[PDB]
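What follows is a single structure, written as structure tokens, with notes after it.
Naming: A, B, ... by sequence-line order, numbering from 1 per chain. No hydrogens, no waters, no symmetry mates; every other heavy atom, side chains included, goes into these values.
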Amino acid sequence: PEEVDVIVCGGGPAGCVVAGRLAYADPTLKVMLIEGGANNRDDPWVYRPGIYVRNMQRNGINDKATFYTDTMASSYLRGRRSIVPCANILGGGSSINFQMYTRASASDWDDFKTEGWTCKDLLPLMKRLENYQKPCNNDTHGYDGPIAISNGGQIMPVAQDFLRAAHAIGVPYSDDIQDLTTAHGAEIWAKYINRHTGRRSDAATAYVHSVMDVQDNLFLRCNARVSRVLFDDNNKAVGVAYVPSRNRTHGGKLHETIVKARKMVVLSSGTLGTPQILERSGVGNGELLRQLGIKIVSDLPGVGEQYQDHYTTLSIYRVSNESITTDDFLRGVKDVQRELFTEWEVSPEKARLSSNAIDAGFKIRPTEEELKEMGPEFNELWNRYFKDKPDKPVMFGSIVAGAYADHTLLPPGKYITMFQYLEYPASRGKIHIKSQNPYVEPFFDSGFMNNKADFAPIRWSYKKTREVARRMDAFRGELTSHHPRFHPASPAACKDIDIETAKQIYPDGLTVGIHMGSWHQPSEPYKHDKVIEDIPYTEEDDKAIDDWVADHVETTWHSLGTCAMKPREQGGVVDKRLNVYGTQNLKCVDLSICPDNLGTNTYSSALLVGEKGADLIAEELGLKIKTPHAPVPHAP
Amino acid sequence: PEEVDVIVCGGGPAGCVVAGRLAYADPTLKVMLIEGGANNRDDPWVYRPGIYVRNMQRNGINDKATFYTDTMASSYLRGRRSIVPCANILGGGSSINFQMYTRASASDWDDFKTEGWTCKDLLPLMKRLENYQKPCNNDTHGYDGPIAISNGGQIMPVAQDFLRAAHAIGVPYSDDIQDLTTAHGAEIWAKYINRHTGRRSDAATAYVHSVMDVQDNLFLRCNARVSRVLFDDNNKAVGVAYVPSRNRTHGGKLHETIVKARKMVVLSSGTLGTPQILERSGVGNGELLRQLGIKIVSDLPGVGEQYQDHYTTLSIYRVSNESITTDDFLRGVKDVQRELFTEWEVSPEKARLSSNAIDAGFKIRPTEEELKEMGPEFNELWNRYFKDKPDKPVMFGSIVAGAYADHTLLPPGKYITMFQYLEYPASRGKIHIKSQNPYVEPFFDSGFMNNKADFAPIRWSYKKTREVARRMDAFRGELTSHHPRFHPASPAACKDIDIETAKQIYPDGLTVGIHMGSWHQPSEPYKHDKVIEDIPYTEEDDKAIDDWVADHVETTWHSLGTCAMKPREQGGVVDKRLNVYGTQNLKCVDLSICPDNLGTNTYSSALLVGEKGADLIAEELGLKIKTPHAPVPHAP
Amino acid sequence: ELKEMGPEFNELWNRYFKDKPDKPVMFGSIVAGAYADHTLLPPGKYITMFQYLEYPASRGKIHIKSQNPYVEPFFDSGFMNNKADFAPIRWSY
Ligand SMILES: Cc1cc2nc3c(=O)[nH]c(=O)nc-3n(C[C@H](O)[C@H](O)[C@H](O)COP(=O)(O)OP(=O)(O)OC[C@H]3O[C@@H](n4cnc5c(N)ncnc54)[C@H](O)[C@@H]3O)c2cc1C
Ligand SMILES: Cc1cc2nc3c(=O)[nH]c(=O)nc-3n(C[C@H](O)[C@H](O)[C@H](O)COP(=O)(O)OP(=O)(O)OC[C@H]3O[C@@H](n4cnc5c(N)ncnc54)[C@H](O)[C@@H]3O)c2cc1C
């Protein structure tokens, strides 16, 4: 219809929870979800975990992502314009992400320094979302929420190889590193996949499609880019306008359709999508809205400021050819793909495709001794942020059974990638609209690495994860092309594939073992009995790793902080109930509200923010949340 | 975690019973299971029965096994060094074995000469562990235990061929040779495979993973080598020290983590693993420890003595090309392997891969007539040991529908092997550590055949099993190459493949039937009418079999007796409750404790010992065991 | 182009190539493929500009180490032990 009670704008995790919970809470309450991206209901290119890699392809076909490029070349990235993609589909990140189950640490929530957002406070909500389907030796998880969490159809043999190697450098094993209390140790790494169906646990099918199947009070509009929030004379949100996804209107004319909201408007268009809708509605930096010809509804300079992410490095390593990897699946080899697709359809609960192949990893924290070697500028932060926060980790590290890279730019053979990310970076970016027009790309700045304290931890990670690589059974060398530019004579120089392994790739090849060019220093053949010693590094080596970082550091899609929940004189954007200052009947519930980072893959978090905002809206509307939620399609 | 109540060392079946039963009797009881090898949970190379054969490959890739090699060469095996492998995975033998369901005879347990270990005393515990999923005409088997037993998905046509042949040489058919009573009979042979799911009945999934799914008191540390047991001032067991599987630390330098036990320390690291743990803890031969510089805790010289095993011989026969066998699958013929893997995924309840293809066999016992033909030294052992013990078989004999043998040394075509073993050897061995280091190999000595009584029965078997093969429909010849070196004109000399079978193998080959070299004596082509009479043997022939026994006899992986349960003054190591003499809170519960051999494939034996040890620790801690156990994953 | 190439290659030019007009400095040829270990190359198709220095200044040596005709001798390519050789190859690239 034209009018409804609640409007959710952006169908990410947070938005899907809000829209679903409230609708199920009261069959009368007419509520509508509006999403720029397409509907994801029963799309095999969503519900199948194994194909997740393809969503980040800039190949002119894929449209499940929008790609936001740095407006200016960053000095700090030795000249590059950082790319930060985000989701453009119902379910948002939930429908396209890597599907790693990680939780933030207890202190991360405490450090929101807001009433109702303690660890204490959110633990029941954390439980309310989870359907934990794997063993653990603690009580910290939920067992009847709508979001399935499991170890997937099949862990890869490299997982336990990685663990054996982690142990050999003294990162301890743990049954569950997602227990809110841990910041140093290594686990078998769970996924958002239903143990029994092998399907991706996406927020849309869990919270929204569940309800639409059983009630008539939840309205879904997809392929609907939300332009702006229509305001009152009093700055009460009265409604919203939306346009077609594509700009394929005759003339390229703007075709707005207005939808009205009796009670509440909710913005859930994500860290990058929310502060644009606010801005072109009139809720932003005054000087900016003025320059674009936008009547100010509320002067909030913090709208689209303090853009926070996790900073990813990907260290790639060649592995033996009898190793199990995703490389040939990712390459598009037609009987490798025909096989896994078939396996999934016949036996999902055992299928390789019922996984992300990211089956092991650690949270890590530096020793006293190691801290000396890291920067003054990092040592400052240590004392400030980490020193007496023993439950906060500095780095992440996982092992992907396969290269997460353009295979069009990788030699033949098998690989593993050490997927790394900085947990609480000091650097900060921002995002601002360039026009009222909802189709024009905004201004954007990653801000990756513009604080010098963010280098030394990542550098420490490269070295650390490499010592794990070198001690794995499967290891057969570093991929020299994608590693730091070490001096060739340095004891820290890379060693690429060994001759035995190369010949197996191309056993009729005319070219294997031709030294002519000296493009790679070969590894010696693998010995089981080898006695291994740490790589020594110099200041020159460190300068190389530092440079490599600048050149190859990336987003982790764990974007937050662009509509911060802090006091307004500190530049914040929302209340402890997430209302937008200077307005009535408008909230932001998504990861934009975070005032500080969380040491975790942020799907868990976006869901928990969604759960908290569903409580805040429920008690404001005089409603109560039903447990359990409506049955989730295809679940046993 | 740093401290627990019970610590079980080694995740063999016995260990898995102990760790699982106790954690499930009392959810307060914090129990940790420590396992040298990797976790077997949902490994398709563990749970699919038909790939079991790969686990004994010495190919520098497979690591689900450790290989012990005799320190010295044995005169008795004509100068070779015996190789005894054992399991190196969670579940131990249960994850990698032949999955043959066999039980010992009643007298075997009675002959332990220990109260609480009578057949009578253990029969209820025998039934507790079994889930019997096949028909039989007795009341000897359990029906609600964790470990599922069946005839698998599909019996092979050679099974009833073998029985028809056994019948024709006077071994009678029986519904059940595993009734504790039968010593001379032939059955269809059952497997540790679930009838409904087609999955392997491994101890870990049944006892441990079942529990860990539903409680938080059972802790699992895999890839962790138990070095030594930590002792109190009064020889009480206070904890355990473990190191990583791989010795891949910086500078190969030792790294022990410690874990303390409040109540009990159980050892289940196997016949070969257990004694080693005792000896480097300071429990063993007083002199050996003195020289290795280990402080004595308890002088028990018989730690690592009385190594008993079952002695395997493998008689290979050629069969018709229309026979159905595992040979092409074992060779790696991709579309044979693809047809069988796929069949298992779609319908495990009837798949060829839901089997071990050891689908029939017999326990056998010699006549008065036959005894005379055996030695003086075996007739002596016959009177002393078998004469008034009629429920003990002398030899086990079964048919593998395929060649259990390196196919790299086999001609093309189809095979069946007669898998034979000696049920009670007189011959004896020993194992002792060489260092305080846990990474070093121990001094080892199989002891195979060092007792001359052990030849005659094996020679007797070769003759007997040959007469069966020759009377089969599938039989097309003896594989001369892998048979005893008979004189070529001896009426007992081998006849190999006939010409019609050979032409079938290579119908466009230029070489089939070239006599040049006279490398084989061809069989005459198959006649369904052929009258058959026993091969006669001379003394020279018998010598050729004796030598063939010395050359080709192996372990059956049924290793026992290295921490024996008898009075300490008879060189015993444990109480009638399995307490280590001269210590407090320390028990061996695995097959090490057995004072004598068992006429059985020893997975059943190890489980029972486990069930018994669980009873003994349950009454000592005033716990009560729950029946049924925790529901086993994927079971109906 | 001679100005780009530095003082130690100009001293060679005057000494060796100046009034010797039939002497080339660098050779260059297209190979229709990679001449390199394909084990170290991404997928796709390639060509290589195969380049070599016609008259290097750098010198090497080879002497035996034993009377035995099977032991490896001492060897020294001597490549680039004369800075004059860098500049023309750079110009080739
Ligand atoms: C490729 C990838 C990998 C990731 N890796 C992991 C991982 O390993 N583990 C993990 O747990 N999480 C991972 N995530 C992170 C996680 O998915 C995000 O933190 C989470 O999805 C963000 O939730 P959100 O509600 O704040 O916004 P989003 O999920 O981004 O959803 C915002 C939605 O709003 C819609 N929208 C935007 N603008 C408009 C508009 N104007 N009108 C209408 N609709 C609009 C978008 O189409 C989108 O669907 C990753 C994310 C991505 C993209
Ligand atoms: C290839 C094979 C074929 C067999 N065939 C059959 C058959 O056909 N039928 C049948 O019924 N049975 C069979 N068995 C025999 C049966 O499996 C064994 O007798 C039985 O498993 C022994 O049980 P256990 O508890 O005594 O020790 P094990 O099964 O040997 O298990 C010992 C465990 O302890 C671990 N370990 C060793 N040392 C240490 C240490 N220092 N620290 C920590 N952990 C350690 C090992 O990794 C292993 O997992 C076979 C076994 C194998 C391996």
Pick one of side chain, backbone, both or neither for [X], based on which atoms fall under 4.5 Å of a heavy atom in chain A.
X	result
B:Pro244	both
B:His250	both
B:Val211	neither
B:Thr249	both
B:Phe341	neither

Using the salt bridge (charged side-chain N to carboxylate O under 4.0 Å, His left out) rule, take B:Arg246 and A:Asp529 through it: C-alpha gap first, then chi angles, then the decisive distance, then the call. CA-CA 9 Å; B:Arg246 299 296 112 89; A:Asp529 297 36; over 6 Å; no
Atom NZ of residue position B:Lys260 - does it have more than 12 heavy atoms of other residues, nucleotides or ligands inside 6.0 Å?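 Atom NZ in B:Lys260 is not crowded, with 12 or fewer foreign heavy atoms closer than 6.0 Å.
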Taking every non-hydrogen pair under 4.5 Å, which of A:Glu533, A:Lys134, A:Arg471 racks up the most with chain B?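 Highest number of pairs under 4.5 Å: A:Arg471.
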Winner by heavy-atom pair count (cut-off under 4.5 Å) against chain B, out of A:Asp534, A:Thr342, A:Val531, A:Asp139: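 Option with the top pair count is A:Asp534.
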I'd like to verify something: which residue of B:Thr257, B:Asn247, B:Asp43, B:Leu218 has the highest number of heavy-atom pairs under 4.5 Å with chain A?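 Answer, by heavy-atom pair count under 4.5 Å with chain A: B:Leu218.
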Does a donor on one side chain sit under 3.5 Å from an acceptor on the other, for B:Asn39 and A:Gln160?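 No.
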Is any side-chain N of the basic residue among A:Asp175 and B:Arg221 closer than 4.0 Å to the acidic one's carboxylate O?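 The answer is no: the pair does not qualify as a salt bridge.
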From CA spacing to verdict: side-chain contact (heavy atoms from CB on, under 4.5 Å), A:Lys350, B:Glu345: CA-CA 9 Å; A:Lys350 4 203 160 69; B:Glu345 229 55 61; 3.3 Å; yes
Non-hydrogen atoms of chain B under 4.5 Å away: do they reach the side chain of A:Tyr143, the backbone, both or neither?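 Contact with chain B: none, neither part.
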Under 4.5 Å from a heavy atom of chain B, the part of A:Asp473 involved: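 For A:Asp473, heavy atoms of backbone and side chain both lie under 4.5 Å from chain B.
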Got B:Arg41 and A:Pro135 here, is their nearest side-chain heavy-atom distance under 4.5 Å?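 Side chain of B:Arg41 against side chain of A:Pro135, heavy atoms only: contact under 4.5 Å found.
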